[PDB]
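For reference, the chain that follows is the form deposited in one PDB entry, supplied as structure tokens.
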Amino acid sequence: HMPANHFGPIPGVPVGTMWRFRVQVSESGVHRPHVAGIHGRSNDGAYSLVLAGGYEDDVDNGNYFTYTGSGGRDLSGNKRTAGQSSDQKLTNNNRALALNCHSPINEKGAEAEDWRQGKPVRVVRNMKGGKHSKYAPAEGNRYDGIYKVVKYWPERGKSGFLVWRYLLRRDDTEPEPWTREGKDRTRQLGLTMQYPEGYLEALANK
């Protein structure tokens, strides 16, 4: 098993792989947290993240995307999601993603000096991101490859509350699964949606 702090691609899991549920993506090692959008360690960096349309400030343009940090929410009442209700902070997961940027951690945001030297982040796109993105898969989760953090900065989001934003750019030798070349690669690799054992059965009989 790859360690939890493994940076980079997971051996045996090619770009284009698909899983129906987040828990499955977690077991693959691609994105360990089954809920959180970012998997990171505040004093190391972020190993992966998921675009699932959970934050209104996310902007997905394929090879480039602006990701939103987590937090700035009031999850009281034993919740896991809510609208913005407070300013986000460059701590925990947000500090982790910032560390991937090839530049000294800056409390006011920073820009990378040769973004390609930054730490790699595995990116997964979820179907729920399809309401505001033409790159999200129609179903489940899809591993889209390695991206790097070009820069990050704070600014008020659509809600009026401060949010941390990150510009990610793809840096992977395998083709993007959404392009013509990528769909051919997926076909060539024979990749198909991974469902839990007995899921389809419980779906049909249902």
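A residue's number is simply how far along the shown sequence it sits, counting from 1. If you superpose the two forms and keep the largest set of C-alpha atoms that fall within 1.5 Å, you have the rigid core. Only residues modelled in both forms are compared.
Gaps at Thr81 occur in at least a third of the other compared entries of the protein that contain both adjacent residues. When 70 to 78 is weighed against 83 to 91, 70 to 78 comes out higher, by mean CA B-factor as recorded in the entry. Relative to one another, 57 to 65 and 173 to 181 have unequal mean CA B-factors, and 173 to 181 is the one with the higher figure. Reading the B-factor column for the CA atoms of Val121, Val124, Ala96, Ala112 in the entry, the top value corresponds to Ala112. The deposited CA B-factor of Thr17 belongs to the lowest third of values across its chain.
Beyond what is shown, the protein has a form deposited in another entry; the following relates to that form.
No residue in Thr66, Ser26, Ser159, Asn63 other than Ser159 shows a CA shift of 2 angstroms or more between the shown form and the other one after fitting the rigid core.
With the core held fixed, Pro175 shows a CA shift below 2 Å between the shown form and the other one.
When the two forms are overlaid on the core, consecutive residue runs of 3+ whose CA positions all differ by 2 Å or more between the shown form and the other one map to 54 to 58, 84 to 87, 156 to 162.
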